[PDB]
Amino acid sequence: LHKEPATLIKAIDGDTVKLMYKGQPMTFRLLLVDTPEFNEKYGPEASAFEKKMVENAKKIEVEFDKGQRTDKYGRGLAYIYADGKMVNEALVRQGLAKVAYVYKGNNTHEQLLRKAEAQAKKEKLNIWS
Ligand SMILES: Cc1cn([C@H]2C[C@H](OP(=O)(O)O)[C@@H](COP(=O)(O)O)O2)c(=O)[nH]c1=O
Ligand SMILES: [Ca+2]
């Protein structure tokens with residue numbers, strides 16, 4: 001897997017972000033996670049968390065997995081990094097996302113994220129409280 005440059009356009013909610021990638025605007029959906037919708041419990045906090053993470057970054061990077069790179073809605077499917085820290089992993093680690101939508105062939109970081117989820121749940125953080 002490879003990290004590729006991109007620049008923030010707009011944080012959208014806990015697990016979607018608009019980025020400029022290869023010079024084109026696109027909505028990215030974070031692989032292997034599910035945050036609550038903004039209307040649900042911890043939704044605003046997931047949104048706020050993702051936003052701060054990408055807005056504070058000097059460097060945003062996109063990492064595609066080995067399988068499909070866009071979903072059925074045209075959203076990019078990637079791991080997103082903020083100054084080298086994976087946003088997908090961080091959300092799970094804080095108990096602001098569940099590991100979710102694990103499809104064969106786009107699951108390189110599954111076991112890393114499940115480990116973070118186990119730590120969040122142990123700590124009774126946020127959605128696990
Ligand atoms: C994360 C991810 C979501 N999706 C699709 C599955 C779901 O279809 P449905 O919309 O039919 O439920 C939807 C979940 O996205 P959201 O959690 O953003 O709503 O996005 C993929 O197809 N591949 C993926 O890797
Ligand atoms: Ca969601």
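Header annotation of the entry names X-ray crystallography as the structure determination method and lists the resolution as 1.9500 Å.

With the PDB entry as reference, the chain is termed Thermonuclease, source organism Staphylococcus aureus.

Draft legend 1. Highlighting the pairing of strand β1 (residues 4-13). Pairing geometry for β1 and strand β5 (residues 60-63), over three bridges, is antiparallel. Of the residues in β5, the one forming a bridge with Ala-6 is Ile-60. Counted between consecutive antiparallel strands, the loop separating β1 from strand β2 (residues 16-21) contains two residues.

Draft legend 2. Fine view of the site of ligand 1. In the vicinity of ligand 1, the contacting residues are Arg-29, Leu-31, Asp-34, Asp-71, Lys-72, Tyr-73, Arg-75, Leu-77, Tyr-101 and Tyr-103. Side-chain polar atom of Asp-34 to an oxygen atom of ligand 1: 3.4 Å apart, as the coordinates give it. Measuring from an oxygen atom of ligand 1, one finds a side-chain N or O atom of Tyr-73 at 2.7 Å. Contact with the protein chains hides 74% of the accessible area of ligand 1, taken as 550 Å² for the molecule alone. The residue makeup of the shell around ligand 1, split by class, is five nonpolar, no polar and five charged.

Draft legend 3. Layout of the UniProt feature "binding site: Ca(2+)" in the chain. Here the UniProt-annotated "binding site: Ca(2+)" positions come out as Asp-15, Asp-34 and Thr-35. Taking the farthest pair of C-alpha atoms as the criterion, the annotated set spanning 21 residues converges on one region, since that pair is 6.7 Å apart. You can see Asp-34 is positioned in strand β4 (residues 33-34). Setting aside anything within four residues of it in sequence, one finds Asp-34 in contact with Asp-15, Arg-29, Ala-97, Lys-98, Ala-100 and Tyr-101. Within polar-contact distance, the side chain of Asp-34 engages the side chain of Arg-29 at 3.4 Å. On the secondary structure map, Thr-35 appears in the loop between β4 and α1 (43-56). Among the residues examined, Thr-35 registers a relative accessible area of 2% and is labelled buried. Not counting residues up to four positions away in its chain, the partners in contact with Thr-35 are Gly-14, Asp-15, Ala-46, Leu-91, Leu-96 and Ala-97.

Conventions we followed
- Residues numbered from 1 in each chain as written, not as in the entry; some residues may be left out.
- Chains lettered and ligands numbered in written order.
- Heavy atoms only, no water.
- Pairing = 2+ DSSP bridges.
- Helix = DSSP H or I, 4+ residues; strand = E, 2+ residues; numbered from the N terminus.
- Near = heavy atom within 4 Å.
- Polar contact = N/O pair within 3.5 Å; in protein donor to acceptor, adjacent residues only side chain to side chain.
- Areas by Shrake-Rupley, 256 points an atom, 1.4 Å probe, with all protein chains shown as cover.
- Nonpolar A, V, L, I, M, F, W, Y, C, P; charged D, E, K, R; others polar.
- UniProt positions renumbered as here; feature names shortened; annotations may be inferred.
- Contact = heavy atoms within 4.5 Å.
- Buried < 20%, exposed > 50% of the residue type's maximum accessible area, 1.4 Å probe, protein only.

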